[PDB]
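Student: what follows is a protein structure lacking sequence information:
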Ligand SMILES: [Zn+2]
């Protein structure tokens with residue numbers, strides 16, 4: 001439906017120095033997920049792994065959680081809840097955990113939680129924060145987008161952002177960053193073209 005609210009998209013690094021990182025994968029036609037620093041935009045395939053890295057200068061307490069949420073980028077669509085198209089809503093798609101209409105899933109984590117906000121109508125997915133490996137600099141979450149940017153009845157060629165928030169056990173904001181996302185068939189190919197846009 002239509003949300004009444006619009007989520008905040010402002011970058012906020014906060015106490016813990018919270019930032020996002022991405023694999024630098026290139027644009028070889030074979031790559032399924034590649035990020036463009038120029039456009040601050042992730043190019044990913046339908047249902048393929050999209051790794052997103054959490055980087056903190058300071059370790060947040062335990063019980064901290066990581067939420068991901070999609071919104072439309074253009075002003076005239078902001079109040080519209082990003083949601084899978086009817087075809088992929090009805091698809092034999094289920095991973096056993098995720099609601100059939102959420103765009104964003106997390107793979108590899110039985111502690112995942114999915115939320116239909118009963119006041120705003122917004123979809124989000126939440127996982128526990130885990131500190132990096134001893135000897136790693138970052139935490140990695142594997143995200144899946146289950147509906148193409150092309151799908152009419154869904155996003156229908158309108159751009160989206162993903163909003164990653166850091167929250168504490170009670171849900172208070174600890175930090176926030178964001179990136180654009182396009183779910184296509186040719187991520188390597190469509191990034192180099194869009195990076196060719198710009199110049
Ligand atoms: Zn779809």
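Tutor: On my side now, so go ahead. Numbering: from 1, shown residues only.

Student: and residue 175, how far from residue 41?
Tutor: Taking C-beta to C-beta, to the nearest Å as the criterion, residue 175 is separated from residue 41 by 21 Å. In short, each C-beta sits where N, CA and C put it, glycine included.

Student: sorry, that was for residue 166
Tutor: 21 Å.

Student: now swap in residue 101 and tell me
Tutor: Distance check for residue 101 against residue 41: by C-beta to C-beta, it reads 24 Å.

Student: which helices and strands sit right next to the lengthiest helix in the chain?
Tutor: What stands out as the longest helix in the chain, according to DSSP state H, is helix 187-197. Helix 187-197 is packed against strand 33-36, strand 41-45, strand 173-184, with contacts defined by 3 or more C-beta pairs under 8 Å, 6 or more residues apart in numbering; DSSP states H and E.

Student: nearest to residue 65, of those strands?
Tutor: strand 173-184 (9.4 Å; C-beta to C-beta).

Student: now the closest one: buried residues?
Tutor: By 16 or more other C-beta atoms under 10 Å, the buried positions in strand 173-184 come out as 174, 175, 176, 177, 178, 179, 180, 181, 182, 183, 184.

Student: tell me the one of those residues nearest the ion?
Tutor: Among these, residue 183 lies closest to the ion (C-beta to the ion), at 8.8 Å.

Student: compare residue 166 and residue 41 (neighbour count), which wins?
Tutor: residue 166 (24 against 18; other C-beta atoms under 10 Å).

Student: and that one, what helix or strand is that in?
Tutor: Here residue 166, judged by DSSP states H and E, is contained in strand 160-167.

Student: list the contacts of the residue nearest to residue 88 when sequence neighbours are not counted.
Tutor: Distance criterion C-beta to C-beta, 6 or more residues apart in numbering; nearest residue to residue 88, sequence neighbours excluded, is residue 147 at 4.8 Å. Neighbour list for residue 147: 46, 84, 85, 88, 103, 154, 155, 183 [criterion: C-beta atoms under 8 Å, 6 or more residues apart in numbering].
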